[PDB]
Amino acid sequence: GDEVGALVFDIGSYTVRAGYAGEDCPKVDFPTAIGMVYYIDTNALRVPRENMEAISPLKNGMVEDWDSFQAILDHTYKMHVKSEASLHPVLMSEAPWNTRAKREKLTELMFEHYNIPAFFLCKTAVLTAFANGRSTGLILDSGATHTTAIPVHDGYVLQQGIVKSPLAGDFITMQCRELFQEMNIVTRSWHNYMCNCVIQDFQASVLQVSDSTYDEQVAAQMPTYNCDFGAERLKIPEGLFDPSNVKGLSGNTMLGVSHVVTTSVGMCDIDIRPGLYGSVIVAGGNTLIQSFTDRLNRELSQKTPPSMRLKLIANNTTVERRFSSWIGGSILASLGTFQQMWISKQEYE
Amino acid sequence: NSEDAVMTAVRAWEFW
Amino acid sequence: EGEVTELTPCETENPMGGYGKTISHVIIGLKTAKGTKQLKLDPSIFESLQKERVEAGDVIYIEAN
Amino acid sequence: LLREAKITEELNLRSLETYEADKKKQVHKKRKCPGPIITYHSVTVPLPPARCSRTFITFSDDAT
Amino acid sequence: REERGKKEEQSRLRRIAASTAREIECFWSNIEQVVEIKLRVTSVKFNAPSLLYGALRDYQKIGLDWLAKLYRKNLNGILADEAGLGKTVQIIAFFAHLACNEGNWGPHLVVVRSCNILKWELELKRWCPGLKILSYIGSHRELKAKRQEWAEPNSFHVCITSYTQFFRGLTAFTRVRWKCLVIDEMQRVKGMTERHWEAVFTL
Ligand SMILES: Nc1ncnc2c1ncn2[C@@H]1O[C@H](COP(=O)(O)OP(=O)(O)O)[C@@H](O)[C@H]1O
């Protein structure tokens, strides 16, 4: 139970999490989108300065603009961490499947510019599994840029059974747009960013998932101007699980959350599928939708082989599910293996 | 039942 | 007896348990004046091999039973 | 509904009151292990029924 | 040699990841164990056995049958049987049948002596477990926290109260409606000069 004071970072697509190890809640949380003319903070989101382009370091779940990554890391170490970045280990949280070149570039940039004495990174599925308190399981993450069913066995991502669907930040940023326009309505990038923000607010406010196939529903009102929305709010979320249910705006084929889970479990080797089915874990931001886990559970039960247990984690009530990765990373640097299994300062040199 | 699968895997390893 | 050429063919962990690293057999390359003959002895003897200074290039006196 | 709710609630209460494990102690023993533990393991395997003995030696880390 | 080296590198990475996973899982298990240790320490006879896990005896079932007339005919009588026959089990079976037959649960009350509170809730959890029961301790502070989920919600269908606690909170129990008011060992309720009579009358 030794603690050295490591700063665990997690570069998310919607909000970056950071804070000292040994905490049960991310102390740092703010939008990750960088506004370059070069301001990265909630202030940047608020300040209406000269023409600004809204972009993010992550693209399809992979860091593309290293300049923005360096900028956000420096801004964090300067204002949020309020401590010099030369006497504190770092536990980076990469993507579900990171590449050799990306990890090499990250390690090189770190050890060169920041001179971190100890830098280590691990998968996100394993971190979430550790946060939930289980080694074997099936992580069902739905982030702002991708949703993936990552089967983990003994805290290691089974790269052979990974899957992915187009469910990303484009979930309702443009569907809810037309849904609202049905009744009625600094650069273009900033306008799109503000539109996405207000659409996410509308989502967290009224968007709800049904328990079964789409059906009539009473209307609900909410400000933005005020309007009363009928069952329209219950239509778009249907596309997350069943493609046949959404027949008009879901193309010809689509791997829903349930179908994604089934495919991920089927692609895995024998002797481990029972453990995966028994312990199913959900993650991401889209899981916060109302009645999401309920529909997921009551639907996966139908698409479940006989005598196969299905016991998920009932943590959706708490908002910390989205930060499960950060919780796992923080609790990771409080063990004895932190000194045994770790990358020191003279391993790469 | 688990022990049955375990011994079957052991027999498969022996044949290998 | 004969000049030893120790080598342990890596084998999958105990199939009855989990995974990892185990050794199911230990091959010793006893080389005699007439020729060479590798013996796939029991792995439990590995302790005896490490006990004495049994390095590649020396003569060892093995016992059947 | 509320019926199954109360059923599960009192079942949990009964489990708690009756809990008034060896596997946990074995896991603790494992914790205390420095880590480079070599395990001598031999089990009976088939070729009473005809069978034979097989020996296995598991090495924790590559150092050993 | 090349392919075996590649496979061995992959297996070594797998094993390092598995060791880290085992370590973190063991630490989480220790934390959970510590948390759990800190937290824990002309007589129709047709009865339904649904939710009756505790086995009942023949005479117990017969007694249950004889007393079915009370609830069905809206009658009340005294149950004076020699100790050792388990009247608590009979009342538990009655509460279970009230739900097995009709869909009405309602909020119930059971008056038990101070030295018999734990015994009664233990028996309830043992015989016919499925139920919602609450205890009454700490009349000053603890009860105040428990009385914050009774008005609007039906957090519990049965309550195990004590005699001495009623007289200090009559203004609270008389507000909520109740269906069954069980009182055991009426020997303490045989003196008219006591104030318990008028206190329990207005229920
Ligand atoms: N690349 C990613 N991988 C995993 N999770 C992500 C990723 N990007 C964003 N997330 C999480 O998903 C959430 C998406 O936000 P959103 O679902 O719109 O909020 P809400 O639905 O609660 O209104 C973000 O809060 C973010 O933390």
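With ideal geometry, Cβ positions are generated from the backbone for all residues, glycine too; neighbour counts draw on all protein chains shown. Rule-based calculations on the coordinates, nothing more; no lab input.
Restriction of the trypsin sites (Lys or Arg not before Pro) in region A:249-349 to DSSP coil positions whose beta-carbon has at most 16 other beta-carbons within 10 angstrom yields A:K303, A:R309, A:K345. The ellipsoid that matches the Cα gyration tensor of region E:115-203 has semi-axes, each √(5λ) in whole angstrom, of 22, 18, 13, with the longest given first. Descending by average beta-carbon neighbour count within 10 Å, the peptides A:324-336, E:121-133, A:190-202 line up as A:324-336, E:121-133, A:190-202, the highest first.
When peptides E:28-36, A:93-101 are sorted by average Cβ neighbour count within 10 Å, with the highest value leading, the order is A:93-101, E:28-36.
Dipole size in debye (nearest 20) for region A:171-252 around its Cα centre, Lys and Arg Cβ +1, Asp and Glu Cβ -1?
380 debye
Take the Cα radius of gyration of region D:9-56 and divide it by 2.2 N^0.38 Å, with N its residue count; two decimals is plenty.
2.09
Shielding value for E:9-21 is 6, the average number of Cβ atoms from other chains within 10 Å of each residue's Cβ. Residues whose amide H falls under 5 Å from that of C:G2, counting only those 5 or more places apart or on a different chain, are C:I60, with hydrogens built in the peptide plane.
Residues of D:5-11, mean number of Cβ from any other protein chain within 10 Å of their own Cβ, rounded to a whole number?
6
Counts of other chain beta carbons within 10 angstrom of each beta carbon in peptide A:166-173 average 0.
About its Cα centre, what dipole magnitude does chain A give when the only charges are +1 on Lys and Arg Cβ and -1 on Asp and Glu Cβ, stated in debye to the nearest 20? Mind dumping the intermediate values first?
Working: 28 positive and 38 negative charges, 87 e Å.
In total the dipole reaches around 420 debye.
Given DSSP loops and a limit of at most 12 other Cβ atoms within 10 Å, what is the longest stretch of chain C that contains no such GluC sites (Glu not before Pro)?
Numbers: sites that count: C:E1, C:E52, C:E55, C:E63.
Longest site-free region, per DSSP loop and neighbour criteria: C:2-51.
Candidates C:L39, E:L79, E:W28 compared by Cα position along the dipole of the protein assembly as shown: farthest toward the positive end lies E:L79, with charges placed on Cβ. Quick check on my link table: of A:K311/D:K30; C:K21/D:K30; A:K102/A:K345, which ones sit more than 21 Å apart, alpha carbon to alpha carbon? The answer is A:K311/D:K30.
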